[PDB]
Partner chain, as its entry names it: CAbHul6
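Quick heads-up: it's one chain on its own, the form solved without its partner chain, in structure tokens.
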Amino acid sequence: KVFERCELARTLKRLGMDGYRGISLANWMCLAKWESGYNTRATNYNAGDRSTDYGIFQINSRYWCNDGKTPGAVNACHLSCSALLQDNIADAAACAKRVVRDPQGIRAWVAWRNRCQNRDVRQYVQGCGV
């Protein structure tokens, strides 16, 4: 599923992402936008280390979910990576909360540093009623 901007904003608020571990809703929106373009079935194979990024938040199989083919990987969210390709994003949101519980927080995603950090991210949630 490819979410519309405000549709996603409202869905994430309902899932309790606003201010989770200090991360504003607009930051989560900026992250989803640059990682997948708000697309839940997005996948990206990283040829360099044999891992794959899954779903709307592009969660990596080396530490977060299990896909069985990633060498020396763990599954901290305790989910099959398949769960991160669903139209319903409840599992992807719960796993994203787990990722940011680690010391790096939102910084775990390099894309967030390049495209969202120290930027005016208000635009991602404007007019959505959140």
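Positions refer to the first chain, counted from 1.
- Per-stretch averaging of Cα B factors for 51 to 59 and 68 to 76 places 68 to 76 on top.
- As the entry records it, the average C-alpha temperature factor is higher for 40 to 48, out of 86 to 94 and 40 to 48.
- Per the PDB record, residue ranking by Cα B-factor puts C6 in the middle third of the chain.
- Sort the chain's modelled residues by C-alpha temperature factor and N118 lands in the highest third, per the entry.
- The deposited CA B-factor of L15 belongs to the middle third of values across its chain.
The form deposited with its partner chain bound exists for this protein as well; it is not shown, and the discussion that follows is about that form.
- The partner is not shown here, but in the deposited bound form the stretch 66 to 89 reaches within 4.5 angstroms of its partner chain through a heavy atom at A76, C77, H78, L79.
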